[PDB]
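As structure tokens, the structure follows; a few thoughts come after it.
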Amino acid sequence: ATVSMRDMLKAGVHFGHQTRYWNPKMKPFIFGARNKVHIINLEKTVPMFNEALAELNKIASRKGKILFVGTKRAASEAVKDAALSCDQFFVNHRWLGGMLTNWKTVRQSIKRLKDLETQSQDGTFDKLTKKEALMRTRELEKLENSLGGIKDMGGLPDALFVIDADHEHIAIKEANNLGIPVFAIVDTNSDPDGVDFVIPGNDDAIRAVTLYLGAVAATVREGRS
RNA sequence: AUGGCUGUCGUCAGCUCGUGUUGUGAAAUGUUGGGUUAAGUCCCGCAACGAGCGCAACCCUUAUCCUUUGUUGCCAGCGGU
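Position in the first sequence (from 1) plus 1 gives the number in the UniProt record's numbering.
Quick look at the structure:
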């Protein structure tokens with residue numbers, strides 16, 4: 002149920018950014034620098050990866066709801082195959098400022114989505130002209146482009162999973178406000194203090210983000226069972 | 001001292017609210033930015049997300065055809081003048 006260090010070496014989890022963009026709040030997780038490129042200290046990560054999954058074992062056991070957040074085009078596709086396979090919720094596109102704290106408004110937009118979603122099945126657009134139908138599908142697709150992965154959310158999620166916290170610092174501000182356990186994949190240039198469960202790793206690699214997703218996929222399915 | 005009614009900026013495209021967020025606060029954000037339009041009209045980005053009054057549309061007239069009717073209106077196809 003846990004990953005080995007050998008597989009992570011092939012995954013490229015320790016290939017951080019340069020020594021010019023590094024964040025000084027990551028010193029306890031910085032190994033060295035080769036060709037002026039910081040290496041993630043893998044010794045601290047592996048044990049912290051398990052307790053991160055251990056926390057995932059507890060929340061998923063009590064019918065908990067988790068949220069995978071990643072707005073990078075080099076990670077936007079993996080999260081789609083992740084949440085849909087493990088029966089969860091995700092946000093691959095633009096993280097709206099106010100998805101959590103301003104839920105009383107995003108709740109109605111979901112009703113607006115489901116209003117146009119229900120209108121798309123029966124075919125109500127066939128009696129309206131081409132102008133009214135195209136207009137109702139240009140927003141319906143935009144809400145699918147925004148709230149498409151959280152249509153059946155049902156209230157505030159109980160856990161937050163983030164990919165590269167510094168690129169998602171809007172989501173962490175909302176997570177620390179409501180008191181939600183946030184599990185983030187922090188990079189050498191990212192923000193560690195905002196997240197209580199930090200997982201020092203890389204974000205600009207395809208195989209790196211999937212190795213995390215493969216691990217979190219099984220542990221949450223262990224909670225559903 | 002007022003109601004109702006009116007002129008003008010101006011038919012200019014702006015004016016605001018609920019929630020969230022930012023700053024001790026007045027307030028800001030939304031309404032900024034790249035393009036675009038007659039126009040905060042529309043798309044994309046974006047700590048903003050939505051909505052309301054406005055703009056637009058629905059109203060009237062004019063322009064083309066068809067259907068319905070033919071008076072006191074009209075006169076082509078046929079006669080008497």
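Beta carbons: idealized from backbone N, C-alpha and C, even for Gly.
Ranked by Cα distance from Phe50, the first of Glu78, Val92, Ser5 and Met27 is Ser5. Here DSSP, grouped into helix, strand and coil, assigns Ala79 to helix. Under the three-pair Cβ rule at 8 angstroms, the stretch 156-167 counts as touching the stretch 183-195. Closest by C-alpha distance to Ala83, out of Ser226, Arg225, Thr211 and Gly155, is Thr211. The shortest CA-to-CA distance from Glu52 to any of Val199, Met27 and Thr138 is the one to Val199. Linking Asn178 to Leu68 through their CA atoms gives a straight-line distance of about 16 angstroms.
One alpha carbon belongs to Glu133, the other to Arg139, and they sit about 10 angstroms apart. Between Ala219 and the set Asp88, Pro48, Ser77 and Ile31, the nearest pair of CA atoms involves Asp88.
Put simply, the backbone Cα of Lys105 is about 14 angstroms away from that of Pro158.
Taken through DSSP and simplified to helix, strand or coil, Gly215 comes out as helix.
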